[PDB]
Amino acid sequence: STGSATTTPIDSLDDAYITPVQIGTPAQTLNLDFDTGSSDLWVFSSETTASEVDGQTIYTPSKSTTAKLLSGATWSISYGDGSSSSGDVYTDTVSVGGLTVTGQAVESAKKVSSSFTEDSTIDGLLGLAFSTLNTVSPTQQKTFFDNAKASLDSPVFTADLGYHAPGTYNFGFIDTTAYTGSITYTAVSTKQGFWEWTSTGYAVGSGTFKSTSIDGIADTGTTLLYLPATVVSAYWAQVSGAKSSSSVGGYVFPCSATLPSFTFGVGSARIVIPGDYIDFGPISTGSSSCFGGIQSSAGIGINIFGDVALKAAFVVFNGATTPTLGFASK
């Protein structure tokens, strides 16, 4: 089997991407944030504290003939930005782009933190990191991908995020028309439950490539590119007027600037992030100070190849017995 679904930016900045997901019988379609940095499939629901729902589409398990309460199971998750959600668990039929999993753990939110409430466009998350990070207790649950894997033509999914445009998540096959050149594969460590890999270095604009190992995670659920302070400083030094602002919480730059590209290494190959991808617009409405798309990972404790990086590539999440990551230009 295979699946193929379009993923769409939630706003003009590509702050996140939503992908339609069919849950239950009859189908209830929710727009979920596919997140290769976490491993819970959770949804706004009929059980969500009413004051914490503001425009999201909710899953109502009582209206699904295939929903079954997973007795005793609870979940609770905290994300790197300080947001959180928690609740109980159903199993139900979940389909993505024509690909169907029966008995998928659907984590029903009883509580969500303010940033989820305040984002009316995201109805939940669909985790695609390794199932070892799944927060369901006392019986940990498998991701959608993990459940689908055996049925897939090939045990892979691919992320093809658009810049200011829709893209595609495919399951079970590699669309050879979706990228240019060849796919370069690179080793993955699953020891932290992430799609963790080592970039071979970077360049800023037309500058020379610096060969240096950068361990990080391929994370579709993170907006920006978080890299070591040395790297990030070298990037923003090429932008006149750019500075790190503690009050804003990162590098800002004059909105009048033309940003240089940023290249990262995948083995001997190179992925080029165009400068425009690194502009996340005024820090506040009407401001001429713009927020940078490359930020320091210092104090996060991990480097994160988020959407800014991933949207410059066709990315293969290879879930073979020994997982690997593939990157191609596109």
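Residues numbered from 1 in each chain as written, not as in the entry; some residues may be left out. Heavy atoms only, no water. Residues with missing side-chain atoms left out of burial classes, pairs and counts.

- The deposited coordinates for this entry were obtained by X-ray crystallography, with a reported resolution of 1.6300 Å.

### A word on the state of the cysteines
(1) Moving on: Evaluated as defined, the whole model comprises one disulfide.
(2) Moving on: Disulfide pairing is shown between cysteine 255 and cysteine 290; the S-S distance is 2.0 Å. Taking the sign of the torsion about the S-S bond as the criterion, the disulfide between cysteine 255 and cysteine 290, at about 110°, is right-handed. On the criterion of sequence distance, the pair formed by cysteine 255 in the loop between β16 (250-254) and β17 (262-266) and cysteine 290 in strand β20 (residues 289-292) is long-range, its members being 35 residues apart.
(3) Moving on: A relative accessible area of 3% means that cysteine 290 is categorised as buried. (Disulfide = S-S within 2.5 Å. Helix = DSSP H or I, 4+ residues; strand = E, 2+ residues; numbered from the N terminus. Buried < 20%, exposed > 50% of the residue type's maximum accessible area, 1.4 Å probe, protein only.)

### Some details on the nonpolar core
(1) Moving on: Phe171, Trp236, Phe262, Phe264, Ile273 and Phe327 are the most contacted members of the largest nonpolar core, which has 73 residues in total.
(2) Moving on: Split by domain, this core shows at least three residues from each of two domains, domain 1 (5-174) and domain 2 (175-330).
(3) Moving on: Filtering out sequence-adjacent residues up to four positions away, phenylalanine 264 remains in contact with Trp197, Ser199, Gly201, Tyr202, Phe209, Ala269, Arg270, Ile271, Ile273, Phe305, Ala309 and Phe327.
(4) Moving on: In this structure, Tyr79, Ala105, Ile122 and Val136 belong to the second largest nonpolar core, which totals 17 residues. (Core = buried A, V, L, I, M, F, W, Y, C linked by side-chain atoms within 4.5 Å. Domains from an automatic or database assignment. Contact = heavy atoms within 4.5 Å.)

### Quick word on the sheet that holds strand β14 (residues 225-227)
Within a sheet, each strand pairs with its neighbour through backbone hydrogen bonds, oriented either parallel or antiparallel.
(1) Moving on: A sheet is described by the order of its strands in space; here seven strands give the open sequence β18-β17-β12-β13-β22-β14-β21, paired in mixed fashion. Both outer strands of the open sheet, β18 (269-273) and β21 (294-296), are each paired with one neighbouring strand and no more. Within the sheet, the average angular offset between the axes of one strand and its neighbour, ignoring direction, is 45°.
(2) Moving on: Two strands pair when backbone bridges link them, and strand β13 (residues 210-218) and strand β22 (residues 303-305) are joined in this way by three bridges, in the parallel orientation. Among the inter-strand pairings, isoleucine 217 is bridged to a residue of β22, identified as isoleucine 304.
(3) Moving on: On the sheet, helix α3 (residues 229-236) packs against β12 (196-204), β13, β14, β17 and β21 and is oriented at approximately 140° with respect to β21. (Pairing = 2+ DSSP bridges. Axes fitted to C-alpha atoms, helices over the stretch in contact; angles between N-to-C directions.)

### What about the UniProt feature "disulfide bond" in the protein chain?
(1) Moving on: Measuring sulfur to sulfur gives 2.0 Å for the UniProt disulfide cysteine 255/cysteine 290, short enough to count as a bond.
(2) Moving on: Exposure remark for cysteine 255: the relative accessible area of 26% places this residue in the partly exposed category. (UniProt positions renumbered as here; feature names shortened; annotations may be inferred.)

### Topic: α3
(1) Moving on: Listed as buried for α3 are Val231, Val232, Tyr235 and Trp236. Axial view of α3: buried residues confined to an arc of 125°, hence all on one face. (Arc of directions from axis to C-beta.)

### Here we look at the pairing of strand β2 (residues 17-23)
(1) Moving on: With respect to burial, β2 is a largely interior element, five of its seven residues being buried.
(2) Moving on: Strand direction decides the pairing type here: strand β1 (residues 3-9) and β2, joined by two bridges, are antiparallel. Paired with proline 9 across the strands is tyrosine 17, a residue of β2.
(3) Moving on: Here β2 runs beside strand β3 (residues 28-35); their pairing, made up of five bridges, is antiparallel. Note that in β3 the partner of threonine 19 across the bridge is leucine 32.

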